[PDB]
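Step one of this worksheet: look at the structure below.
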Amino acid sequence: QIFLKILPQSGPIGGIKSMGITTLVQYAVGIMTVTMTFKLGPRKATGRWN
Amino acid sequence: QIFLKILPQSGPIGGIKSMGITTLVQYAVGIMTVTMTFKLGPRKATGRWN
Amino acid sequence: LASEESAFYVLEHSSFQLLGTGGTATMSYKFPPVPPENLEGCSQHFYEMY
Amino acid sequence: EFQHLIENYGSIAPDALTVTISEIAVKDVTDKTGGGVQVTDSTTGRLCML
Amino acid sequence: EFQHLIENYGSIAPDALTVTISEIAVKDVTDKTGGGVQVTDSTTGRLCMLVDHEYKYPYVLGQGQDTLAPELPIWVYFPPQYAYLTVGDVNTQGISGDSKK
Amino acid sequence: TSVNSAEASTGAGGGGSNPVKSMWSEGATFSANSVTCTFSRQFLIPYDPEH
Amino acid sequence: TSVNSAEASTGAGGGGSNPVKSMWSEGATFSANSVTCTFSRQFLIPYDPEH
């Protein structure tokens, strides 16, 4: 399993009047590229007429 | 002891009317990673029946 | 209700990667040898093989 | 591709797997002029991958 | 991990310590449209970090004070402001008898 | 005009990019004679309006 | 004054630049004994106001 989240960046704290502990609004995007290989077995030989 | 403080940055001073001496509102965030090694001594051998 | 056997997993208590904007990360996995799925059928009944 | 698979081959089994997460973009969201929100790519935003 | 430690070992003693401050981000705060504030990453902003390897400054750690890092990895640390106590001369404030160092 | 005119579009600010890889080190690795414990915490130095 | 004076001009924010070339891999490559299938999907992880 591949677990993905966004690191919770913290909001400003300090001399600003009554800020409070908040989080910066951040969301992630990306491209997930998944490659799977499959071993393949050849078709069985056919002796039919039809 | 590791002391941390944000380097203060000065506000603009110049042609702007009555700007005054100010400081840019800056706060710092980061990740503090602490690794400690502990020497461990093996459990003493025991000869109890129970 | 939770018990002593209940597994409370905290994923932040592990080593994972932090990837910035534009970063990439790859996972590789190798399937164990598994029985192939047959893509061809049967032209006979196993009870009519006489 | 599935039609080609089931036409040209006799059996299929999984062999390997590769998952690539690229073009990661952590994006901050703030308020744009005239209402609504606007999105800006984040230099320090980190995607936690485990 | 503490259960494993106290179950599988007979003694423990600290040996080495490594502290790494990484993912540093000094962030400017400015006014946001429609009220509030917004945060922008700073390229020129700096964080002054000083490691007192020589113990030049007074040591205040190890006094059992409410300054510890969060017990859970999900919480954010707010490192305490550094202050120290030093010796001085006790002087009486007038005739009231109050004394200040 | 405005970006609100589009039915389901969101305005963009065109920020920067930083393709860096860093580790959030955590957990304890036990050995026969020692244990190496690591914990990572996000820390915040607040804004000091006057030092 | 504002950029609205020129009816054929729009304001610019002067964002950054990133001359990077990446690949959108997809499709299946068949062989005599194996097939390598690849698919790419854009994924979005939403903002989590409380972790």
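Please note: Cβ atoms are built from the backbone with ideal geometry, for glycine as well, and neighbour counts cover all protein chains shown. A short reminder: the numbers here are calculations on the coordinates, not readings from a lab.
Of note:
- Which listed residue is buried (at least 18 other Cβ atoms within 10 Å of the Cβ) and among the hydroxyl-bearing types (S, T, Y), from F:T38, F:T10, F:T1: F:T38
- Failed item in (1) touching a residue at least 12 places away in the same chain (Cβ under 8 Å); (2) surrounded by fewer than 17 Cβ atoms within 10 Å (Cβ to Cβ); (3) within 28 Å of E:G62 (Cα to Cα), with B:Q1 passing the rest: (1)
- Of the strands (runs of 3 or more DSSP E) entirely within chain F, none holds at least 2 residues that are among the charged types (D, E, K, R).
- Checked against (1) free of Cβ contacts under 8 Å to residues at least 24 places away in the same chain; (2) in contact with a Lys or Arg (Cβ under 9 Å, 6 or more places away or on another chain), E:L61 passes all but condition (2).
- Any hit, the stretch B:5-14, residues being over 30 Å from E:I12 (Cα atoms) and exposed (fewer than 10 other Cβ atoms within 10 Å of the Cβ): yes
- Conditions (1) within 13 Å of chain F (Cβ to nearest Cβ); (2) over 24 Å from the mean Cα position of the chain (by Cα); number of the one not met by G:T36: (1)
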